[PDB]
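**Q** Starting from these lines, generate the structure:
(2 chains)
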Amino acid sequence: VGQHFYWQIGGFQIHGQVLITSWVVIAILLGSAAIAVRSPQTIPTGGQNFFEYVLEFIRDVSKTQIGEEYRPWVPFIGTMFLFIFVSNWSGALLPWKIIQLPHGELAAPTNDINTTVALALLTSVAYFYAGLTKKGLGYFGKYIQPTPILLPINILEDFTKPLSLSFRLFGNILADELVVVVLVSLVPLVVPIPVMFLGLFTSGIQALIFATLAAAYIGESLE
Amino acid sequence: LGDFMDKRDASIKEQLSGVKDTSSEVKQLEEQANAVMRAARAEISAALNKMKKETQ
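**A** Numbers count the residues shown, from 1 in each chain, chains lettered A, B, ... in the order given. Please find the structure below.
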């Protein structure tokens, strides 16, 4: 129905919904984590094996994507997974059309692109930092080493990775929410559940893909 | 939480290694004991023979 939203001003206008929604994401993440961290045991207790298997999964993806030096970037790729996953699942399952904002629906941090292109700039700063850290300051991956006349394609390629990575995540979350909204006006909640399931199935995956793809760009820096 | 996970896993892996370490240590102890017992026996036998031969 509406892609409009209400700004908050500190001399410049920033969306209110995205700050509040990502605050709920930060709170649910730190809350369940600092629950699971307080009394570690040698043998995984109840509830801590889930966080442990999450960490194992993150380690595996980073390791496959990056290589032998996966262990410094594990908190970064783990945050790219968990913030985007918990963003989409909070937008899906937390009932927020009961809550009525001054001017807009509250669904997810990722609905506003701002989140998507910010997360893409953070993976851009990440693979630029890896590339200007491990490799020569004089040059990174961008050098037209293979062919001098491969420069235009290569220069263009750098711009595209953050845009496609920024856009896919953003479009997908927004598209899924719209279907739930555009369905609901036409019909009551019972008909739309399968669709939401399908969207919920993509909602993790566009998270996971992001983290996976983000890790892979780190690898393209380190070579 | 990451540190907690690592601590628990290391604690368990370390326990396994120590348990592996202890088993190897006990195998070495048994082997050394067996070798020592053999020395006693064999040693004394040799001694008597050499001594027995000298007496003869």
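**Q** how many other residues sit next to residue A:159?
**A** 10 (other Cβ atoms under 10 Å in any protein chain shown). Yep, even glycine has a C-beta here, placed from its N, CA and C like the rest.
**Q** so what's the backbone phi/psi at it?
**A** phi -60, psi -40 (degrees, to the nearest 10).
**Q** and residue A:8, which of the three is it?
**A** Going by DSSP: H, G, I helix; E, B strand; the rest coil, the secondary structure assigned to residue A:8 is strand.
**Q** And it, how far from residue A:121?
**A** According to Cβ to Cβ, to the nearest Å, residue A:8 and residue A:121 sit 22 Å apart.
**Q** now swap in residue A:147 and tell me
**A** From residue A:147 to residue A:121 the distance is 29 Å (Cβ to Cβ).
**Q** Pick out whichever of these two has more residues nearby.
**A** Each of residue A:147 and residue A:121 has its neighbours counted (other Cβ under 10 Å); residue A:121 has more, 13 against 9.
**Q** which element is that one on?
**A** With secondary structure defined by DSSP states H and E, residue A:121 is part of helix A:113-134.
**Q** got it, and residue B:32?
**A** helix B:2-55.
**Q** and that helix, how far out from the chain's middle?
**A** Its chain's C-alpha centre and that of helix B:2-55 lie 0 Å apart, by Cα atoms, centre = their mean, to the nearest Å.
**Q** before we move on, what about stretch A:202-221?
**A** That offset, for stretch A:202-221, works out to 9 Å (Cα atoms, centre = their mean).
**Q** Show me the contact partners of that stretch.
**A** Stretch A:202-221 has contacts (Cβ atoms under 8 Å, 6 or more residues apart in numbering or on different chains) with A:58, A:61-62, A:64-67, A:73, A:77-78, A:80-81, A:84-85, A:87-89, A:91-92, A:119, A:123, A:126-128, A:130-131, A:134-135, A:140-141, A:161, A:165, A:168-169, A:172-173, A:176.
**Q** go on, stretch A:89-98?
**A** A:21, A:24-25, A:28, A:105-111, A:173, A:176-177, A:196, A:199-200, A:203-204.
**Q** try 10 Å this time
**A** A:17, A:20-22, A:24-25, A:28-29, A:105-111, A:173-174, A:176-177, A:180-181, A:184, A:196-197, A:199-200, A:203-204, A:207 (Cβ atoms under 10 Å, 6 or more residues apart in numbering or on different chains).
**Q** What subset of these is buried?
**A** A:17, A:20-22, A:24-25, A:29, A:105-111, A:173-174, A:176-177, A:180-181, A:196, A:199-200, A:203-204, A:207 (16 or more other Cβ atoms under 10 Å in any protein chain shown).
**Q** who in chain B is up against chain A?
**A** B:1-15 (Cβ under 10 Å from any Cβ of the partner chain).
**Q** I'd like to know how many residues surround residue 14.
**A** Because you didn't say which chain, this covers chain A. When neighbours are counted by other Cβ under 10 Å, residue A:14 comes out with 12.
**Q** Switch to chain B, please.
**A** Neighbours of residue B:14 (other Cβ under 10 Å): 12.
**Q** tell me which element the residue positioned nearest the centre of chain A falls in.
**A** Geometric centre of chain A, nearest residue: residue A:84, 3.2 Å, by Cα atoms, centre = their mean. Per DSSP H and E: residue A:84 is located in helix A:74-93.
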